Amino acid sequence: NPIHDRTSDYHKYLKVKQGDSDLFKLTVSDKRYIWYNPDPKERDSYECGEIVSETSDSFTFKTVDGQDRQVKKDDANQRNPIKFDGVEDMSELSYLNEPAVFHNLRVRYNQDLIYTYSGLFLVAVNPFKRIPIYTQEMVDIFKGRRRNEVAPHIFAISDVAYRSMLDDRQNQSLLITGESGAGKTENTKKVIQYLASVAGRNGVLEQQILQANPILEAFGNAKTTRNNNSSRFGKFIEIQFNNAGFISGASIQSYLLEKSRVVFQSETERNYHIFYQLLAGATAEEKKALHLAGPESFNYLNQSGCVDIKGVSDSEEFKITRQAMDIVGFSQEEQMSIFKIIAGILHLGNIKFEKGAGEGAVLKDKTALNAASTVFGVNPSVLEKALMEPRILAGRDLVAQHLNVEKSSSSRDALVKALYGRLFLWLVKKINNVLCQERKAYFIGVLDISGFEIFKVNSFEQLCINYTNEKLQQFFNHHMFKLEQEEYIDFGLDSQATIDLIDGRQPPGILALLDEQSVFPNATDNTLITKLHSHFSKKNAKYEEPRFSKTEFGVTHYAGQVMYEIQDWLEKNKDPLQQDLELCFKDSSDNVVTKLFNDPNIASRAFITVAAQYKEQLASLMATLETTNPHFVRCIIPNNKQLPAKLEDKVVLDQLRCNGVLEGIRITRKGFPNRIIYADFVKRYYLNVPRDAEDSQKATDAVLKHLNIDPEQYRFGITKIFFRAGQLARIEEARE
Ligand SMILES: [Mg+2]
């Protein structure tokens, strides 16, 4: 029994190694400490100082450099006793200060223990190296075990959720959030892995469920500067079960796919995996039928300078992808078509618009153009017209307009983006019919999306994501405001103002004003931003109009202020595509293409704007969550460099500050963070009472009784005692 076998990998890899002695005595030392900053500029930095003097209301401790210093007892970051270094739940700590929190996580991570609980959260820190804790053998261990009965692990949370589902007959959720490269997607896959094993029917459906992923990963993931396999879309996966607890189906909901990546990537980044998969792995035959060449031959793939990922065979991955397409069930038919779309996109990208005779766009070469048409199975002359000579309504008048180079290009870009996003939608719908169950009994849904985004530049997509995050954070706080209550002040009240600033109807918030502006064809970024400032500058406490910038505005989010830039918002909100282009493509010969333009469910939004659609999909998701028993996983990146063995304090604390763990902590820290079992308190603290005593509670008053700790510091409740913050350490800080 791996859990009892101190030699198993379970022990090696998931527990703090245990010695031969369990005695309270080894742990002794008289030397107290505090966490201080040897330089206050940079506050996430701390060193341990041995407190050598105590004023009546402050301490005076000894720097690592030997110099003594003074401190207020109330500003003191007390270091928990060493016995606590490495505990499995931060809730077990006496001193719940941030450095204290950072220290426990670091001590663990130093042992390659990447998972740790903090109350209701599972904290997961990317090790940036492979740890073999996801084997079937590791799966097996988690089966039916309580949270408290096994080491922290994604497997654990998953079991607890599945058991809760069976036991309470209630749907569940796991919300997996954090920065890019934190391991959200990785962990998401382990949840499904685990579920598939503990509950699959020893299989077709399960294989399909599993193969859908790689499918969506090829089309929605890409190499970026923070992650070789970045998810450029958010997702909510519903794992469906029958009443007996068996997997009966699945559904995927996708959000905010980064369509622009198809047309542009920053230096070092790559376009979506698939482009490269197609090009590297296509038979030397399709290459031709598709008019393929190499990546360098394509504007959409030859700009970033990076066309490869180390440790990655685009060719092999392509094998993998088509393989998944087969399992799920896409006909070879379907598959050439997908491939063609892809090919087409690439061609559309190579079309060069020139300066003809005056001011209007022309096409000297038609090569790329016909390559494009060919593959899509559209009429090249139509396309051509549709691209440079779109007919535009101007009254009762329908007039062709000759676009200049630029405009033509952008329009071109719009087509590619529509093609891409639509195809993605279609992929998702298709997968769903195969997987999805009408008649499901229960479900476990997993949300894999980013946490708050504060980048160098924040645009419309950032506001969207941050908006979702305000809602999830308030959902958390609201949840915690119940869980905490039912031991045996609702802070979510707190996010309302920001939320309203974004989504409010009357008075209107940012999105409503954006929608309003969107009706006017001649509106501009300036008109827009000016409208925003008119309604909210010095008028809404969560808004800030900048001192000098004329194109940005600030929103005070849960995680702090985020400055956004307004450019292109109107256009992003409308996500326009010339009608002629729709017409052209409404006629494709190709069977798939036609669905993309012919199916209102794919080809359109309602027509609502992009904002209105985001808001509504967010509200549905939240409604879904609202009916589940939720579980929270906070994935942390250890540094910004993708390196193992480098847990950067500032990097870490920041995330803890923004993803709500620190708030969670400091909340309960105002109450009774510790609430130990009676028997449990007695066994290590007996040292009137001996270890395994049966009048537990009594044995528990007893110890507090000898030591005669202050009563308001502790509280007698059935089964457990609670200890206000710091009580434990001092209790722990006392002679035998
Ligand atoms: Mg991901």
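For the numbers below, each heavy atom of this structure counts, side chains included, while hydrogens, waters and symmetry mates do not. One-based numbering along the sequence shown.
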Heavy-atom count around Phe455 CZ within 6.0 Å, excluding the residue itself: above 12? yes
Salt bridge or not for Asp599 and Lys429, using N-O below 4.0 Å? no
Hey, mind stepping through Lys352 and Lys364 against side chain to side chain contact (heavy atoms under 4.5 Å, CB included) and telling me if it holds? CA-CA 9 Å; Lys352 41 189 168 290; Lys364 314 179 40 248; over 6 Å; no
Can you tell me if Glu616 has over 12 outside heavy atoms packed within less than 6.0 Å of its CD? no
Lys184 side chain near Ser450 side chain, heavy-atom distance below 4.5 Å: yes
Can you find a pair of side-chain heavy atoms, one from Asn302 and one from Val307, that are under 4.5 Å apart? no
Is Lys574 atom NZ crowded by more than 12 heavy atoms from other residues, nucleotides or ligands, each under 6.0 Å away? yes
Between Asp448 and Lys235 (salt bridge meaning N to carboxylate O under 4.0 Å), is one present in this structure? yes
Scan side-chain atoms only and decide if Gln462 and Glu453 contain a donor-acceptor pair under the 3.5 Å cut-off. yes
Minimum heavy-atom distance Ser459-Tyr564, with the two atoms named: O-CD2, 3.7 Å
Smallest heavy-atom separation, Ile252 atom then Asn432 atom, equals N-OD1, 2.7 Å
Closest heavy-atom contact between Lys287 and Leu279? CE-O, 3.9 Å
Working to the nearest 0.5 Å, report the span between NZ of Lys417 and CG of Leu257. 11.0 Å
Do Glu286 and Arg322 sit within salt-bridge range, that is, some charged N less than 4.0 Å from a carboxylate O? yes
Show the numbers, then the answer: is there a side chain to side chain donor-acceptor pair (under 3.5 Å) between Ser304 and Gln265? CA-CA 6 Å; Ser304 64; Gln265 316 89 53; 4.6 Å; no
Does a side-chain heavy-atom distance below 4.5 Å link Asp590 with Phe376? no
Which value, rounded to the nearest 0.5 Å, describes the distance between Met325 atom CE and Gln211 atom CD? 11.5 Å
Could you give me the CA-CA distance, side-chain angles and deciding distance for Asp503 and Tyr614, then say whether side chain to side chain donor-acceptor pair (under 3.5 Å) is met? CA-CA 10 Å; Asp503 82 0; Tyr614 193 91; over 6 Å; no
NZ (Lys366) with more than 12 external heavy atoms under 6.0 Å: no
With no hydrogens and no angle check, do the side chains of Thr185 and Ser231 hold a donor and an acceptor under 3.5 Å apart? yes
Anything under 30° is parallel, anything over 60° is perpendicular, the rest tilted; go ahead and classify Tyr543 against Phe536. tilted
N-O pairing of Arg270 and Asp314 below 4.0 Å: yes
With under 30° as parallel and over 60° as perpendicular, where do the rings of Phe298 and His347 fit, or are they tilted in between? tilted
Run the salt-bridge test on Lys572 and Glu565 with the 4.0 Å N-O cut-off and return the result as yes or no. no
Answer whether the closest heavy-atom distance between the side chains of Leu447 and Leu472 falls below 4.5 Å. yes
Closest contact, heavy atoms only, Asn526 versus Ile529: O-CG2, 3.2 Å
Partner set under side-chain contact (heavy atoms from CB on, under 4.5 Å) for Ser495, not counting sequence neighbours: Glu470, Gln474, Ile499
Count the heavy atoms of every other residue, nucleotide or ligand shown that sit under 6.0 Å from NZ of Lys550, and state whether that count exceeds 12. no
Greater than 12 external heavy atoms within 6.0 Å of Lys641's NZ: no
On a heavy-atom basis, the closest approach of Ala218 and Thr321 is CB-OG1, 4.0 Å
Applying side chain to side chain donor-acceptor pair (under 3.5 Å), name anything that partners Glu217, two or more places apart in sequence or on another chain. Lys189, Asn213, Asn229
Where do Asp326 and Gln332 land on the side chain to side chain donor-acceptor pair (under 3.5 Å) test, with the steps shown first? CA-CA 8 Å; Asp326 288 326; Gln332 291 309 267; 3.2 Å; yes
Heavy atoms, side chains only, cut-off 4.5 Å: are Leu256 and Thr468 in contact? no
Please report the C-alpha distance between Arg422 and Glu582 in whole Å, then the side-chain angles of each, then the deciding distance to 0.1 Å, and finally whether the salt bridge (charged side-chain N to carboxylate O under 4.0 Å, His left out) criterion is met. CA-CA 12 Å; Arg422 277 195 212 176; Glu582 302 279 20; 3.0 Å; yes
Heavy-atom side-chain proximity of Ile566 to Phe460 below 4.5 angstrom: no
Can you give me the closest heavy-atom contact between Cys306 and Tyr276, atom names plus distance? O-OH, 4.2 Å
To the nearest 0.5 Å, atom CG of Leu528 lies from atom CZ of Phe520 at 13.0 Å
Less than 4.0 Å between a side-chain N and a carboxylate O, is that true for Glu334 and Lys430? yes
Quick check on the 6.0 Å ring-centre criterion: do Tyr272 and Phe233 meet it? no
Hey, mind stepping through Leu290 and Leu346 against side chain to side chain contact (heavy atoms under 4.5 Å, CB included) and telling me if it holds? CA-CA 10 Å; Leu290 260 29; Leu346 289 177; over 6 Å; no
Show the numbers, then the answer: is there a side chain to side chain contact (heavy atoms under 4.5 Å, CB included) between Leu419 and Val262? CA-CA 10 Å; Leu419 288 158; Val262 177; over 6 Å; no
Could you go step by step and tell me if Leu621 and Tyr255 meet the side chain to side chain contact (heavy atoms under 4.5 Å, CB included) rule? CA-CA 11 Å; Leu621 160 73; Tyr255 304 105; 3.8 Å; yes
Close side-chain approach of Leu348 and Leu383, heavy atoms under 4.5 Å: yes
Side chain to side chain donor-acceptor pair (under 3.5 Å), that's the test. Do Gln473 and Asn469 meet it? Break it down for me. CA-CA 6 Å; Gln473 179 64 44; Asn469 278 279; over 6 Å; no
If the test is side-chain hydrogen bond (donor to acceptor under 3.5 Å, both in side chains), which one of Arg412, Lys407, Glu406 qualifies with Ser409? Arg412
